[PDB]
Structures are given as structure tokens and as C-alpha cells.
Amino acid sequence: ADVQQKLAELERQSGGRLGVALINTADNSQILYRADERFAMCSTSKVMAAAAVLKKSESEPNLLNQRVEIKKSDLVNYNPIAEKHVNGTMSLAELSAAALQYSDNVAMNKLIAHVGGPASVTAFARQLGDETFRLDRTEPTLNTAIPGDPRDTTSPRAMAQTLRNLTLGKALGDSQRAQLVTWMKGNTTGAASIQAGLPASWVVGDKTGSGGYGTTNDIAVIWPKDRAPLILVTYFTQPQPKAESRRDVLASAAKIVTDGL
């Protein structure tokens, strides 16, 4: 009751639309707020694309080592790693790390292409039991985040359940699950989001995202000190097309739902 009041208050103060799903694996409980509404995933969709590559790699031992050309024609609007490798190759492992840890959009496009495109990433989600996730577009257009548009969306509940499966459950084989967790724990982009609302000592693997309409997102697996892990999804979007990001709202949401733990 208190936690719900606090999230509603945060949403009202923020001026936007907030979606939260926490799974506490200590007691199999959840805290949900707009958790069945759709939100544009933006760069948080990179987790599903990397996971689809990892799944493919379970039957293809040379896949992660496969060399992918980086051409000028591959550049899109946010390319911090790929721009340093133009006219050379990167491995699919290197592209996965760049997508997850630096949120490189070229890297995301190569992951998408090498599993068969957005509909293939979506079919992977369906195979895991996630009916909600939909990846419709490639980078950079998947980040438009127009209100009412279902393209490139999921719900907080669906993404929390799927992230649990990927990182703590059995969607991926032992090697592949460990690799995803390693990659997410090495994320460099998330300190202002969920992590900013948790104690300094807690360990986090997360993936942020942002896009049109001031969309500001984070999805995380969290290891609190001496406690079972948590899964937290915080999605946020705003009414104005050119709204600025609100990473503080995600931090505030994280603090609200973990207070006590």
C-alpha cells in the first residue's frame, strides 16, 4: 500500500508515465506499477538481441568468433565503438559487448541482422514464453517512442519475467547465461539510473535506454548484500516529443521498491 502510494506520487511529480516491475527471488514476490502497459524499450531491447545471438551460439561454436565487417554504410547515429573499427571487422562477441556495455547502435544492428532480423528476435522471445515483447524495427528508428505506438514495445511485467529467465533461469545454457550476466555486470552506462537508487555496495547488471518523448529506461539484475537477487524494470516516458531524459525518476523508483531490502 505504502509502496504503491509512493510510486503514484513519483509518477505524478514526474509529469510522465511510469512502469515498474520488481521480482524478489527471496520470496517469489513482485511489486508492479502499470506493469501490463506497453512502453518503448529503446536500447533495453539490446539484451534480447544479445540473448538471441547467445542462444544461436549454443549449436554454433564458431558464432561468437565470426568476423563482421564495419562499413561506413553501417554507421547510424550513436556508434562509439563501431566508429573506431570502420573498414575492419569485429567479432560477434565484441559486437555483443559493445551493444550491452556502451550501447553502440551499429553493434545492435549487427546482432539483429545475424539472427535474422527483428522478427527473429521476436520469435526468440516467443520461444521463451514471452508473448508481449515485440521488436519491429532496427536502429536507429526503433527509438521513436511515439505515444500509442506499439512498435518496439514490451511491458514491465514481461521484461522482468524474461530478464529473470535469461540471467537467473534456464533460457540459456550455463556458459551463455554466465556470458550474458558478465556482459551486463560490465555495463558502463547505468550509474545514473537504477544503480543511483540502490546502496553503493549492491552489485548490478543492467541495460539502460532512452528515446523520443523523453523516454528513459533501465532493466537490471541486482544482488543486494547477503540477499537473494532481484530483477527490476523501470520504464518511463513523457508527453512532450522533445522532453529531456529523467534518469532521476528511475533512481527514485528503484529506491522506493527496494527500501527495506
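Start at 1 with the first residue shown and count on from there.
Legend: mean Cα B-factor per stretch from the PDB entry, 234 to 242 versus 5 to 13; the higher mean is in 5 to 13. Between 148 to 156 and 71 to 79, the higher mean Cα B-factor belongs to 71 to 79.
Note on 55, 46, 225, 38: the highest value goes to 225, judged by CA B factor as recorded. The entry lists a Cα temperature factor for residue 170 that places it in the middle third of the chain's modelled residues. Annotation for residue 128: CA B-factor lies in the highest third of the chain's modelled residues. When the CA B factors of the chain's modelled residues are split into thirds, the value for residue 205 lands in the lowest one. Placement of the Cα temperature factor of residue 112 within the chain: middle third of the modelled residues, per the deposited record. Looking at the C-alpha B-factors along this chain, the one for residue 64 belongs to the middle third.
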